[PDB]
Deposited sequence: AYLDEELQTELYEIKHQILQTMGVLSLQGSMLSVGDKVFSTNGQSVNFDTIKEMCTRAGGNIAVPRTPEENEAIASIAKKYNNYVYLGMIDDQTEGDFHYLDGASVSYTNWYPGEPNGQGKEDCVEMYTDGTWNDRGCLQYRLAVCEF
């Protein structure tokens, strides 16, 4: 009983501190974070995996708003965890989308997806330097 309450309180304290610092954003069960570095898609995947997480992907409008707020705050385009019928990296077809008007427009050439600072998406090649955002 009391053991568990203190434990839960301390966890919420640490998450509160991280949230206040701008080191994380929590949406439901998901936690999004960036260290502010920009690298290509594969390198973001490697960085996220190294930390025990995955490259971020928005599966809901609230998750999209959260990642967009990161893009806007750090002022850079962001690579999302999807790959060209776009799929999540787990192999499932993407449900929620937020394409910029006219996108996706690069079938066969643009396999990745970047998010603009306004939260909309563009299919893009995977070799640009983009803000690394992970989800845990």
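Comparing the deposited sequence with the modelled residues, the stretches lacking C-alpha coordinates are 1-7, 92-96.
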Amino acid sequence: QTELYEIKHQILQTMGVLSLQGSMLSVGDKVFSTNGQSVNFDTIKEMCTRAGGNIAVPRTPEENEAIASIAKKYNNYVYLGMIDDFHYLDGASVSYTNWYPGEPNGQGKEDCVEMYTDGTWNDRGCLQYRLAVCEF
From here on, numbers count along this sequence of modelled residues.
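For the pair 6-14 and 118-126, the record assigns the higher mean C-alpha temperature factor to 6-14.
Mean CA B-factor, 20-28 versus 108-116: the higher value falls on 20-28.
Between the residues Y88, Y77, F41, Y96, the entry's highest C-alpha temperature factor is the one at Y96. Sorting the modelled residues of the chain by their CA temperature factor places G36 in the middle third. In the deposited entry, the Cα temperature factor of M82 places it in the middle third of its chain's modelled residues.
When all modelled residues of the chain are sorted by CA temperature factor, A66 is found within the middle third. Annotation for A92: CA B-factor lies in the highest third of the chain's modelled residues. Ranked by Cα temperature factor within the chain, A51 sits in the highest third according to the deposited record.
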